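Read on for two forms of one protein chain; each stands alone as structure tokens, with the labels structure 1 and structure 2.
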Structure 1
């Protein structure tokens, strides 16, 4: 029964909140994925009539290995032990019925990459998205990243597809919602269930793909790329290049151009996140204060977003 250790007390499955299977109702499939399903559901505590708890339910496929099972359990542990408004909450688990459930904060606005793509200013459907919407999301995630850093957790896979939004409209809050990669390295010493084609090399600094060195400065680099993803409104990093081209480009000093219409101050922040020497990269407290400076500048927040 493997333990998990964070900040830096210890826990195990025994410390997960086991919710009675009979209390959980699945409403709809929310996409899914290749390994496991995600549903919108309800937990009817205690059971009642209502107001029940709205949740996202992650399933473990019932045909899986012992290692898969431990991996699923580990994800539960990692997530439950966080306490940050910019990190998705784990509501509990349902491990004593099959298939196994993890129950997470329902994030109604979906993943960040998809949200951006789906809400890009278009006309027909008008411009209900502006520069400050983008800056707030960047601050939200910076805030969560800072909490990981201060508690010495390396995420390893910061990326818009791994961030989620509480809702689509104004008032949305962006949160980090995926810890699969962190879990994997925690479990073996390395990327055992992956391989090279599965690495997020486009979000990795040179010391990371070259040496397998990860520190909180490697998340900083990843964050820079996230920013570009946000300010490009959900484009793939290094638009024309493959993984290898990117690894060659970045190694030789190459860096992405600013996204269309990106204010200089925001771009400056990305370029500092991508300094070659990790020691030259800002930590998350500096990144936050910088994104707040951008927030205060009318010339940045008054800038129009492109219309594709």
Structure 2
């Protein structure tokens, strides 16, 4: 695997001894495998073990799944940016295989937005600035990927994570499974039409299979909508095909409920039909920052 002018393999991954790893609790699962909270320590008893998330590989898997799992580790390990989850190391010499990741106690961004929606029992659980900070965090991650010529291909709330639920939380890109599949096979290899994230994809991506850094720009727009709608599914009344037809004919989503105009404007700029008309992430960040500077934007009430 090559990134930012460097090539690496399985051996550059820090293999941590299996006996040093303890599983604490289940956190979740994606399509394939599980994620657990864990602790690492080479010392009994260790007053302060390193807390981690542990992503597992099902033992019942193909040799292609194993290589997929390997590639996920390498990809994460090669990033170096505060808005991308860290890889602490791996435990590949024991079964089931582990990838050790930065623990993100806030969980995934979609789930967080749904669960932390303001509603009588939690009237001010979240404010406009919280949403702008999450957006800026992910935009920073995306800019880092852009400058390093890495196309994520699935910039969505389900793929982002939070360091904690409360104030001070930092949003980070966590799931690189899509890019991994393309890097290994050249196409979505275990997927198919029904599994494609078409609701996050620009016209040239789903029509021509053309992906650039302007692909991620489009997707980031949809993520902005997700953030400012407080976790609704994009194009909520529409199926994937209806979205395909809607988007290709120039259709775009309305603003989320209570969304400030400057924020909505950023979404529509990200959704320009021609990729060359879409902003790069440095511009997106600049425009997000400008939003945070506007008291009228940040003093806007979220809907209850």
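Residue numbers count along the first chain shown, from 1. Whichever C-alpha set is largest while still superposing within 1.5 Å between the two forms counts as the rigid core.
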Superposing on the rigid core, which residue among 252, 277, 240, 48 shifts its Cα by at least 2 Å between structure 1 and structure 2? 48
Residue 29: with the rigid core matched between structure 1 and structure 2, does its Cα shift 2 Å or more? no
After superposition on the rigid core, what is the displacement of the C-alpha atom of residue 126 between structure 1 and structure 2, in Å? 2.4
Following alignment on the rigid core, what Cα displacement (Å) is computed for residue 181 between structure 1 and structure 2? 0.1
